[PDB]
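Trainee: Sharing a structure with you now.
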Amino acid sequence: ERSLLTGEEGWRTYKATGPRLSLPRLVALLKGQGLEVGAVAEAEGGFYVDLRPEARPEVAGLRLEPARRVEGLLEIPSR
Ligand SMILES: [Cl-]
């Protein structure tokens with residue numbers, strides 16, 4: 001399983017979108033849920049973030065979906 005942001009083996013790229021959502025706020029929440037977080041990048045309509053293929057994330061109030069595609073990034077991905 002490989003990352004769409006970095007090409008890394010061992011990742012699934014999710015997109016994240018929510019009200020009053022930013023990237024640091026995204027990451028804090030994810031860690032707040034016990035998830036291990038890889039590369040992140042903000043995109044034109046939201047955020048991309050790598051989660052473990054095994055991870056089954058459930059943040060209250062946020063919508064988290066695996067990406068089919070990566071489009072309209074706003075920044076280069078990094079950790
Ligand atoms: Cl499942």
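Going through the structure tokens in order, the chains are called A, B, and so on, while each chain numbers its residues from 1 and the ligands are numbered from 1 in the order shown.
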Write out as a VMD selection string the residues lying within 9 Å of residue 36 (chain A), counting only C-alpha atoms and excluding same-chain residues fewer than 3 positions away.

Mentor: chain A and resid 30 to 31 50 to 52 55

Trainee: Counting only C-alpha atoms and all ligand atoms, which residues in chain A sit no more than 12 Å from ligand 1? For each one, give the nearest pair of atoms and the distance in Å, sorted by chain then residue number, as a Markdown table.

Mentor:
```
| residue | atom | partner | partner_atom_place_in_ligand_line | distance |
| --- | --- | --- | --- | --- |
| A:53 | CA | ligand 1 | 1 (Cl) | 10.8 |
| A:54 | CA | ligand 1 | 1 (Cl) | 9.1 |
| A:55 | CA | ligand 1 | 1 (Cl) | 9.3 |
| A:56 | CA | ligand 1 | 1 (Cl) | 6.9 |
| A:57 | CA | ligand 1 | 1 (Cl) | 10.1 |
| A:58 | CA | ligand 1 | 1 (Cl) | 11.6 |
```

Trainee: Which residue is closest to residue 28 (chain A)? Choose from A:9, A:59, A:46, A:2 and count only C-alpha atoms.

Mentor: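 Counting only C-alpha atoms, the residue closest to residue 28 (chain A) is A:59.
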
Trainee: Just the strand (DSSP E or B) stuff from chain A, please, per backbone DSSP, written as a list in words.

Mentor: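 DSSP-assigned strand (DSSP E or B) residues in chain A: residues 2, 9, 12, 13, 14, 15, 16, 17, 37, 38, 39, 40, 41, 42, 43, 46, 47, 48, 49, 50, 51, 63, 64, 65, 66, 73 and 78 of chain A.
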
Trainee: I need the residue nearest residue 37 (chain A) from this list: A:20, A:13, A:60, A:74. Use only C-alpha atoms for the distance.

Mentor: A:13

Trainee: Which is closest to residue 27 (chain A) among A:49, A:10, A:15, A:77, if we use only C-alpha atoms?

Mentor: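 Of A:49, A:10, A:15, A:77, the one nearest residue 27 (chain A) is A:49, counting only C-alpha atoms.
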
Trainee: Which residue, A:66, A:48, A:79, A:35, has the smallest gap to residue 5 (chain A) when you use only C-alpha atoms?

Mentor: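 Residue with the minimum atom-to-atom distance to residue 5 (chain A): A:48.
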
Trainee: As a list in words, which residues of chain A does DSSP assign to helix (DSSP H, G or I)?

Mentor: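 Reading the DSSP output for chain A, helix (DSSP H, G or I) covers residues 23, 24, 25, 26, 27, 28, 29, 30, 31 and 32 of chain A.
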
Trainee: Can you list, as a ChimeraX atom specification, every protein, DNA or RNA residue that comes within 10 Å of residue 75 (chain A) when you count only C-alpha atoms, leaving out same-chain residues fewer than 4 positions away?

Mentor: /A:40-44

Trainee: Between A:32, A:45, A:24, A:38, single out the one closest to residue 7 (chain A), counting only C-alpha atoms.

Mentor: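 Of A:32, A:45, A:24, A:38, the one nearest residue 7 (chain A), counting only C-alpha atoms, is A:38.
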
Trainee: Could you check how far CA of residue 21 (chain A) sits from CA of residue 63 (chain A), in Å to one decimal?

Mentor: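 Interatomic distance here is 10.9 Å.
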